[PDB]
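As stored in my_file-v8.txt (compact mmCIF, C-alpha atoms):
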```txt
# COMPACT_ATOMS: atom_id res chain seq x y z
CA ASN Z 11 -4.56 -27.94 7.31
CA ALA Z 12 -6.89 -25.47 5.56
CA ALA Z 13 -5.92 -23.59 2.37
CA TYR Z 14 -6.48 -20.13 3.91
CA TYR Z 15 -6.19 -18.62 7.42
CA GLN Z 16 -7.11 -15.27 8.96
CA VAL Z 17 -5.01 -13.33 11.46
CA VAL Z 18 -6.46 -13.42 15.00
CA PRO Z 19 -4.57 -10.82 17.10
CA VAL Z 20 -4.40 -7.06 16.40
CA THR Z 21 -1.05 -7.73 14.74
CA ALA Z 22 0.88 -10.93 14.27
CA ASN Z 23 4.45 -11.55 13.27
CA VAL Z 24 5.73 -13.53 10.29
CA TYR Z 25 8.95 -15.46 11.00
CA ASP Z 26 11.63 -17.22 8.96
CA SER Z 27 12.38 -20.94 9.54
CA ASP Z 28 14.89 -20.01 12.31
CA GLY Z 29 12.31 -17.92 14.25
CA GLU Z 30 13.64 -14.46 13.29
CA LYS Z 31 10.94 -11.82 12.67
CA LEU Z 32 10.50 -10.91 8.98
CA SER Z 33 7.48 -8.63 9.21
CA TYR Z 34 4.08 -8.19 10.84
CA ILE Z 35 0.57 -8.23 9.52
CA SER Z 36 -2.82 -6.92 10.57
CA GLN Z 37 -5.82 -8.63 12.20
CA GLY Z 38 -8.19 -10.12 9.65
CA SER Z 39 -5.51 -10.49 6.96
CA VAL Z 40 -5.90 -13.65 4.93
CA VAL Z 41 -2.80 -15.73 4.45
CA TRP Z 42 -2.28 -18.75 2.19
CA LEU Z 43 -1.04 -22.10 3.45
CA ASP Z 44 2.19 -22.98 1.65
CA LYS Z 45 2.23 -26.74 1.01
CA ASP Z 46 5.82 -26.68 -0.34
CA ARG Z 47 7.16 -26.08 3.19
CA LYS Z 48 6.49 -27.96 6.43
CA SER Z 49 3.88 -26.80 8.89
CA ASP Z 50 3.70 -28.42 12.33
CA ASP Z 51 1.64 -28.05 15.54
CA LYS Z 52 3.40 -24.81 16.57
CA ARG Z 53 3.72 -22.94 13.26
CA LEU Z 54 2.20 -22.83 9.79
CA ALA Z 55 4.17 -22.24 6.58
CA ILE Z 56 2.32 -19.38 4.91
CA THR Z 57 2.45 -16.74 2.19
CA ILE Z 58 1.10 -13.19 2.41
CA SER Z 59 1.58 -10.23 0.03
CA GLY Z 60 4.76 -11.69 -1.52
CA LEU Z 61 6.32 -12.89 1.74
CA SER Z 62 6.90 -16.59 2.53
CA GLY Z 63 7.45 -17.45 6.19
CA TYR Z 64 5.94 -19.05 9.28
CA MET Z 65 3.26 -17.95 11.69
CA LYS Z 66 2.29 -19.24 15.10
CA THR Z 67 -0.83 -21.45 15.03
CA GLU Z 68 -2.59 -19.45 17.79
CA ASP Z 69 -2.26 -16.34 15.59
CA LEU Z 70 -4.29 -17.95 12.77
CA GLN Z 71 -7.91 -19.09 12.31
CA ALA Z 72 -8.67 -21.58 9.52
CA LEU Z 73 -11.11 -20.28 6.91
CA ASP Z 74 -13.57 -22.22 4.80
CA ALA Z 75 -13.38 -20.96 1.21
CA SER Z 76 -17.08 -21.75 0.56
CA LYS Z 77 -18.18 -19.66 3.58
CA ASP Z 78 -15.48 -17.04 4.30
CA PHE Z 79 -14.06 -14.17 2.20
CA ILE Z 80 -10.92 -14.98 0.22
CA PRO Z 81 -9.27 -11.93 -1.41
CA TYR Z 82 -9.12 -12.01 -5.19
CA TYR Z 83 -8.49 -9.82 -8.18
CA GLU Z 84 -10.88 -9.03 -11.04
CA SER Z 85 -11.10 -6.92 -14.17
CA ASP Z 86 -14.10 -4.85 -15.29
CA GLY Z 87 -12.55 -4.60 -18.80
CA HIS Z 88 -10.85 -1.28 -18.01
CA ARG Z 89 -9.19 -1.69 -14.64
CA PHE Z 90 -8.00 -4.63 -12.54
CA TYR Z 91 -9.00 -4.48 -8.87
CA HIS Z 92 -7.84 -6.20 -5.75
CA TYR Z 93 -10.79 -7.15 -3.54
CA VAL Z 94 -9.25 -7.11 -0.08
CA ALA Z 95 -12.47 -7.43 1.90
CA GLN Z 96 -16.15 -8.12 1.34
CA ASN Z 97 -17.13 -5.56 -1.31
CA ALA Z 98 -13.98 -3.39 -0.81
CA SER Z 99 -11.58 -2.90 -3.72
CA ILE Z 100 -8.28 -1.26 -4.67
CA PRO Z 101 -7.61 -0.41 -8.33
CA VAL Z 102 -4.17 -1.91 -9.11
CA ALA Z 103 -3.70 -1.87 -12.91
CA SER Z 104 -5.19 -1.43 -16.34
CA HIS Z 105 -7.10 -4.23 -17.98
CA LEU Z 106 -4.97 -6.63 -20.07
CA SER Z 107 -6.40 -8.51 -23.04
CA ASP Z 108 -5.11 -11.67 -21.25
CA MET Z 109 -7.76 -11.18 -18.54
CA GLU Z 110 -11.24 -12.62 -18.71
CA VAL Z 111 -13.62 -9.88 -17.62
CA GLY Z 112 -15.61 -10.78 -14.48
CA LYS Z 113 -13.46 -13.78 -13.59
CA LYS Z 114 -11.90 -14.02 -10.12
CA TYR Z 115 -8.12 -14.39 -10.11
CA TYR Z 116 -5.90 -15.42 -7.16
CA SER Z 117 -2.26 -14.52 -6.46
CA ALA Z 118 -0.05 -14.82 -3.36
CA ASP Z 119 2.13 -11.88 -4.45
CA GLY Z 120 -0.31 -9.67 -6.41
CA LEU Z 121 2.02 -9.70 -9.44
CA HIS Z 122 2.17 -13.24 -10.84
CA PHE Z 123 -1.09 -14.72 -12.02
CA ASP Z 124 -2.34 -17.67 -13.99
CA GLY Z 125 -1.80 -16.44 -17.53
CA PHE Z 126 -0.23 -13.03 -16.92
CA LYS Z 127 1.95 -10.75 -14.87
CA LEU Z 128 0.67 -7.46 -13.57
CA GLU Z 129 2.59 -4.22 -13.81
CA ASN Z 130 1.24 -2.00 -11.07
CA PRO Z 131 2.41 1.45 -12.35
CA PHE Z 132 3.66 2.75 -8.97
CA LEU Z 133 4.03 -0.15 -6.56
CA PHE Z 134 7.68 -0.78 -7.39
CA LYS Z 135 8.62 2.65 -8.74
CA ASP Z 136 11.82 4.12 -7.32
CA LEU Z 137 10.52 6.85 -5.03
CA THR Z 138 13.65 9.00 -5.43
CA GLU Z 139 12.56 9.81 -9.04
CA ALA Z 140 10.89 13.21 -9.12
CA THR Z 141 7.35 13.68 -10.44
CA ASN Z 142 6.78 15.46 -13.77
CA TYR Z 143 3.96 17.39 -12.15
CA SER Z 144 4.40 21.04 -11.15
CA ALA Z 145 3.33 22.53 -7.83
CA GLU Z 146 0.42 24.13 -9.70
CA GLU Z 147 -0.74 20.82 -11.23
CA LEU Z 148 -0.67 18.99 -7.87
CA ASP Z 149 -2.88 21.77 -6.41
CA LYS Z 150 -5.52 21.24 -9.14
CA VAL Z 151 -6.43 17.72 -8.06
CA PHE Z 152 -8.49 18.82 -5.05
CA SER Z 153 -10.94 20.62 -7.33
CA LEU Z 154 -10.99 17.74 -9.83
CA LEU Z 155 -11.86 15.17 -7.13
CA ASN Z 156 -14.31 17.52 -5.38
CA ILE Z 157 -12.36 17.55 -2.13
CA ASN Z 158 -13.17 20.48 0.15
CA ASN Z 159 -11.92 22.00 3.38
CA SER Z 160 -8.62 20.14 2.93
CA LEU Z 161 -5.58 21.42 4.79
CA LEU Z 162 -3.50 19.93 1.93
CA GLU Z 163 -4.91 22.19 -0.75
CA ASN Z 164 -2.43 24.83 -1.91
CA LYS Z 165 0.43 22.62 -0.63
CA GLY Z 166 1.80 21.74 -4.07
CA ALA Z 167 4.72 24.14 -3.61
CA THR Z 168 5.48 22.53 -0.26
CA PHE Z 169 5.46 19.02 -1.73
CA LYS Z 170 7.74 20.15 -4.57
CA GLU Z 171 10.14 21.87 -2.11
CA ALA Z 172 10.14 18.64 -0.11
CA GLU Z 173 10.89 16.69 -3.29
CA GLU Z 174 13.80 18.94 -4.29
CA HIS Z 175 15.30 19.04 -0.80
CA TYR Z 176 14.97 15.36 0.14
CA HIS Z 177 14.77 13.69 -3.32
CA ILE Z 178 11.45 11.98 -2.71
CA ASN Z 179 8.72 11.92 -5.36
CA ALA Z 180 6.15 14.65 -4.63
CA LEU Z 181 3.26 12.67 -6.12
CA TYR Z 182 4.08 9.88 -3.66
CA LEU Z 183 4.18 12.42 -0.76
CA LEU Z 184 0.81 13.81 -1.79
CA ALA Z 185 -0.64 10.27 -2.06
CA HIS Z 186 0.79 9.13 1.27
CA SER Z 187 -0.52 12.18 3.10
CA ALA Z 188 -3.89 11.89 1.30
CA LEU Z 189 -4.28 8.24 2.38
CA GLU Z 190 -3.28 8.76 5.99
CA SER Z 191 -5.32 11.98 6.55
CA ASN Z 192 -8.43 11.48 4.35
CA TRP Z 193 -7.19 13.97 1.75
CA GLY Z 194 -6.28 16.46 4.49
CA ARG Z 195 -9.79 16.48 6.01
CA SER Z 196 -8.97 14.40 9.10
CA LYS Z 197 -9.45 16.27 12.42
CA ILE Z 198 -7.08 13.82 14.16
CA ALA Z 199 -4.43 14.70 11.55
CA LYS Z 200 -4.93 18.46 12.02
CA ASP Z 201 -4.97 18.31 15.85
CA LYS Z 202 -1.93 15.96 15.95
CA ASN Z 203 -0.27 17.69 12.95
CA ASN Z 204 0.46 14.21 11.58
CA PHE Z 205 -0.74 13.95 7.98
CA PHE Z 206 1.48 10.96 7.06
CA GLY Z 207 0.53 8.83 10.09
CA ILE Z 208 4.07 8.55 11.43
CA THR Z 209 3.94 6.58 14.74
CA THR Z 221 4.71 31.91 5.34
CA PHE Z 222 5.29 28.35 6.55
CA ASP Z 223 2.43 27.03 8.70
CA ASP Z 224 2.27 23.87 10.84
CA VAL Z 225 1.03 21.84 7.86
CA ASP Z 226 4.02 22.92 5.71
CA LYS Z 227 6.37 22.14 8.54
CA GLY Z 228 4.72 18.74 9.00
CA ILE Z 229 5.11 17.87 5.32
CA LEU Z 230 8.80 18.77 5.34
CA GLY Z 231 9.36 16.97 8.65
CA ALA Z 232 7.57 13.84 7.43
CA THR Z 233 9.55 13.81 4.18
CA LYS Z 234 12.82 14.09 6.14
CA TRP Z 235 11.67 11.16 8.29
CA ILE Z 236 10.76 9.01 5.30
CA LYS Z 237 14.11 9.85 3.66
CA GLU Z 238 16.19 8.93 6.68
CA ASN Z 239 14.24 5.91 7.92
CA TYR Z 240 13.22 4.31 4.63
CA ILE Z 241 14.94 5.65 1.52
CA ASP Z 242 18.41 5.88 3.07
CA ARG Z 243 18.00 2.43 4.59
CA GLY Z 244 17.35 0.68 1.29
CA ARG Z 245 13.53 0.89 1.23
CA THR Z 246 13.11 2.90 -1.97
CA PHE Z 247 9.66 1.82 -3.23
CA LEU Z 248 6.25 1.01 -1.76
CA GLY Z 249 6.26 -2.74 -2.31
CA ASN Z 250 4.58 -5.44 -0.26
CA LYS Z 251 5.43 -7.69 2.69
CA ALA Z 252 8.50 -9.15 0.91
CA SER Z 253 10.21 -5.88 0.01
CA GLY Z 254 9.97 -2.09 0.05
CA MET Z 255 8.46 0.27 2.62
CA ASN Z 256 5.44 -1.91 3.31
CA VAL Z 257 7.60 -4.50 5.08
CA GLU Z 258 8.05 -2.26 8.13
CA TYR Z 259 5.82 0.74 7.59
CA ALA Z 260 2.35 -0.73 8.16
CA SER Z 261 0.76 -3.97 9.31
CA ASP Z 262 -1.68 -3.68 6.37
CA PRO Z 263 -0.15 -6.05 3.77
CA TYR Z 264 -1.69 -3.95 0.98
CA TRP Z 265 -0.69 -0.49 2.23
CA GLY Z 266 1.71 -0.18 -0.71
CA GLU Z 267 -1.09 -1.04 -3.15
CA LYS Z 268 -3.38 1.54 -1.50
CA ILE Z 269 -0.79 4.31 -1.87
CA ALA Z 270 -0.06 3.25 -5.46
CA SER Z 271 -3.82 3.38 -6.25
CA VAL Z 272 -4.03 6.94 -4.92
CA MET Z 273 -1.00 7.83 -7.10
CA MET Z 274 -2.84 6.25 -10.05
CA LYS Z 275 -6.03 8.20 -9.37
CA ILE Z 276 -4.15 11.51 -9.11
CA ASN Z 277 -2.07 10.76 -12.17
CA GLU Z 278 -5.12 9.89 -14.27
CA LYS Z 279 -6.92 13.08 -13.24
CA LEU Z 280 -3.89 15.29 -14.00
CA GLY Z 281 -3.34 13.79 -17.48
CA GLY Z 282 -1.04 10.78 -17.17
CA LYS Z 283 2.26 12.67 -17.13
CA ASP Z 284 4.00 10.20 -14.79
```
As structure tokens, please, write out the structure in this file.
Amino acid sequence: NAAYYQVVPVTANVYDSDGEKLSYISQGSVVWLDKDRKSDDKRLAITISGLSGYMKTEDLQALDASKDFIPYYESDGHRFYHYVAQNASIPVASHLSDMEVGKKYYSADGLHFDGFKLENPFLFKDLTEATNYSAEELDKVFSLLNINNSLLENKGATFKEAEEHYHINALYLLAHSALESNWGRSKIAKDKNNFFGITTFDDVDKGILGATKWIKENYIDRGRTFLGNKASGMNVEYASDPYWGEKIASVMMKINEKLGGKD
């Protein structure tokens, strides 16, 4: 058995030892062979984004570490990045003095490394905690990041109303909608009125409130109260992308930095 494998179908399921579905992951995702559990001809014991389970052998293609891309993490001396694909990165934390700049680090859960533990500032934050940011501050970020023709600009008051009503962090709501709609510039999102990529008040305001209600009832109220990864939080069920939670958290980080680090 190889050390790493890549997901073959559009999505594939991850199972427990008894064959019950635990989660699902996206095509091209790289999973780690887990040598501490038994793999056989039908299923491989694997780890992905915090989750340990089994995957069907026909769902996985063996990778060669010398030839193929293996995701890793690296610091530039200021920020630590997760490289999830050839050349593509997600900022996940500040640099720690424990990290050798330029060196590639590997982790099956994105938290525990060889020499240190990472505190991603938003990945495991309780999403029912309100943001410190005002409606007016949230609105400022579109200027500061040079985003234009966004249907989400001037929606700070809507996000804060959503936060007060449903008790879901407005910075998270802004981040989630920004990720799923290209900062409110997506034509698909406008035409479908679906800025969060779920399966006078205008349609955008109504969509934000409706999406927040949906997240509250289907995630928060069902015990999924933070972004997380494939082992826990919203990422277990919300998206096949095992690093969806990290992507949202990175958007929250970018917004927070630009607005002065109040959260």
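Interatomic distance, atom CA of residue 252 of chain Z to atom CA of residue 24 of chain Z: 10.7 Å.
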TODO: May I have the residues within 12 Å of residue 227 of chain Z as a list in words, using all atoms listed in the file and disregarding those fewer than 2 positions away in the same chain?
DONE: residues 165, 168, 169, 171, 172, 203, 204, 205, 221, 222, 223, 224, 225, 229, 230, 231, 232, 233 and 234 of chain Z
- [ ] Just give me the gap between atom CA of residue 255 of chain Z and atom CA of residue 73 of chain Z in Å, one decimal is fine.
- [x]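 Distance between the two atoms: 28.7 Å.
The nearest approach to residue 253 of chain Z among the residues Z:45, Z:37, Z:124, Z:133, with all atoms listed in the file taken into account, belongs to Z:133.
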Open item on the list: Could you list, as number ranges by chain, every residue within 8 Å of segment 265-273 of chain Z, counting all atoms listed in the file and ignoring same-chain residues fewer than 6 positions away?
Closed with: Z: 100-102, 130-133, 181-182, 185-186, 188-189, 248-250, 255-256
Open item on the list: Would you compute the distance between atom CA of residue 240 of chain Z and atom CA of residue 207 of chain Z? Give it in Å to one decimal.
Closed with: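 Between atom CA of residue 240 of chain Z and atom CA of residue 207 of chain Z the gap is 14.5 Å.
Using only C-alpha atoms, the residues found no farther than 8 Å from residue 178 of chain Z, other than those of its own chain fewer than 4 positions away, are residues 137, 138, 139, 140, 172, 173, 174, 182, 183, 233 and 237 of chain Z.
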Open item on the list: Can you tell me which residues surround residue 283 of chain Z at a distance of at most 8 Å, considering all atoms listed in the file, apart from same-chain residues fewer than 2 positions away, and format the answer as a PyMOL selection string?
Closed with: chain Z and resi 142-143+277+280-281
Open item on the list: Show me, as a VMD selection string, the residues that have an atom within 9 Å of residue 11 of chain Z when counting only C-alpha atoms, minus same-chain residues fewer than 4 positions from it.
Closed with: chain Z and resid 43 49 54 72
Open item on the list: Counting all atoms listed in the file, which residue out of Z:117, Z:209, Z:284, Z:136 sits closest to residue 258 of chain Z?
Closed with: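 Using all atoms listed in the file, residue 258 of chain Z sits closest to Z:209.
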- [ ] For the point (-2.8, -21.6, 6.3) in the file's frame, write as number ranges by chain all residues with an atom no more than 8 Å away, counting all atoms listed in the file.
- [x] Z: 11-15, 41-44, 54-56, 70, 72
- [ ] Could you give me, as number ranges by chain, the residues that have an atom at most 8 Å away from the point (0.2, -3.8, 5.5) in the coordinates of the file, using all atoms listed in the file?
- [x] Z: 34-36, 250-251, 256-257, 259-266
Task: Residue nearest residue 50 of chain Z - candidates Z:159, Z:23, Z:67, Z:16, atoms counted: all atoms listed in the file - done: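 Closest candidate: Z:67.
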- [ ] Can you work out which one of Z:96, Z:66, Z:175, Z:86 has the shortest atom-to-atom distance to residue 113 of chain Z, counting only C-alpha atoms?
- [x]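 When distances to residue 113 of chain Z are compared using only C-alpha atoms, the smallest one comes from Z:86.
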Task: Minimum-distance residue to residue 144 of chain Z, chosen among Z:191, Z:160, Z:180, Z:128 (using only C-alpha atoms) - done: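 Nearest to residue 144 of chain Z: Z:180.
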